[PDB]
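Each chain is listed here by its residues.
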Amino acid sequence: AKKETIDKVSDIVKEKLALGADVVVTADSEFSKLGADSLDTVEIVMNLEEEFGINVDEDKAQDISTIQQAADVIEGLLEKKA
């Protein structure tokens, strides 16, 4: 996926708890992270769809690999549809 899209996807996660200040951001860094480990797929998916302005189905945002994959999937939605 493109760096621009990857940075955006990773940015969404940080916005969850206000990050990106003194924390390093990576694409290979799975969405999951230590801390509560609560589910935020519904919130996360909407953030990406809301930000990008695409139409991602829940069936597509149910078993998405790390950010790398997320960015790649979005790239298609940005060009395709659903």
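Scoring rules and cut-offs
Residues numbered from 1 in each chain as written, not as in the entry; some residues may be left out. Heavy atoms only, no water. Residues with missing side-chain atoms left out of burial classes, pairs and counts. Helix = DSSP H or I, 4+ residues; strand = E, 2+ residues; numbered from the N terminus. Expected span 1.5 Å × (residues − 1). Buried < 20%, exposed > 50% of the residue type's maximum accessible area, 1.4 Å probe, protein only. Arc of directions from axis to C-beta. Contact = heavy atoms within 4.5 Å. UniProt positions renumbered as here; feature names shortened; annotations may be inferred. Patch = residues over 30% accessible without salt bridge, like charges linked within 9 Å, V, L, I, M, F, W, Y side chains within 5 Å. Areas by Shrake-Rupley, 256 points an atom, 1.4 Å probe, with all protein chains shown as cover. Salt bridge = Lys/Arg side-chain N within 4 Å of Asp/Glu carboxyl O. Core = buried A, V, L, I, M, F, W, Y, C linked by side-chain atoms within 4.5 Å. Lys, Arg positive; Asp, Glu negative; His and termini not counted.

The record names solution NMR as the way this model was obtained.

Student: Quick rundown of helix α3 (residues 67-79)? Include the residues and the values.
Tutor: With 13 residues, α3 should reach 18 Å at 1.5 Å per residue; the first-to-last C-alpha distance of 19 Å fits that figure. Listing the buried residues of α3 in full gives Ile-67, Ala-70, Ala-71, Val-73, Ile-74 and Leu-77. The arc that holds the buried residues of α3, viewed along the axis, is 165°, so those residues lie on one side. Looking at the packing, one finds that the buried side of α3 touches α1 (3-17) and α2 (41-52).

Student: Give me the lowdown on the UniProt feature "domain: Carrier" in the protein chain, citing residues and values where you can.
Tutor: Per the UniProt record, "domain: Carrier" is annotated on residues 3-78. End-to-end, the C-alpha atoms of residues 3-78 are 15 Å apart, and along that stretch the chain is 51% helix and 0% strand.

Student: I'd love a proper account of the environment of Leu-34, names of residues and values included.
Tutor: Note that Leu-34 resides in the loop between α1 and α2. Separated by 22 residues in the primary sequence, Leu-34 and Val-56 place their C-alpha atoms 26 Å from one another.

Student: Describe unusual backbone geometry, naming the residues involved and giving the relevant values.
Tutor: Notably, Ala-36 is not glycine yet its phi reads approximately 65°, a positive angle. Summarising the element assignment, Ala-36 is placed in the loop between α1 and α2. In this model, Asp-37 sits at a positive phi of 55°, which is unusual for a non-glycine residue. In this structure, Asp-37 sits in the loop between α1 and α2.

Student: Residues and numbers for a nonpolar patch on the surface, please.
Tutor: On the surface, a cluster of nonpolar side chains totalling about 230 Å² of accessible area is made up of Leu-17, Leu-19 and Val-23. With respect to the element layout, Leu-17 can be found in helix α1.

Student: Which residues make up the nonpolar core, and what values do they have?
Tutor: What tends to happen in soluble globular proteins is that the nonpolar side chains get buried as a cluster. Among the nonpolar cores identified, the biggest contains 17 residues, and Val-9, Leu-48, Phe-52 and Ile-74 are the most heavily contacted of them. By residue number, the principal contributor to this core is α3, which donates six residues. Sequence-distant contacts of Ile-74, that is, excluding residues within four places in its chain, are made with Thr-5, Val-9, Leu-48, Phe-52 and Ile-54.

Student: Describe the side chain of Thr-66, naming the residues involved and giving the relevant values.
Tutor: With respect to the helices, strands and loops of the structure, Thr-66 is situated in the loop between α2 and α3. For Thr-66, a relative accessible area of 17% translates into the label buried. For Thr-66, the contacting residues outside a window of four places in its chain are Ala-27, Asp-28, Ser-29, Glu-30 and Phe-31.

Student: An account of the side chain of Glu-49 is needed here, citing residue identities and associated values.
Tutor: Mapped onto the fold, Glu-49 is located in helix α2. Of the buried charged residues, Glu-49 lacks a salt bridge, with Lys-16 as the closest side chain of opposite charge at 13 Å. With near-sequence residues (within four places) excluded, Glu-49 lies in contact with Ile-54, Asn-55 and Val-56.

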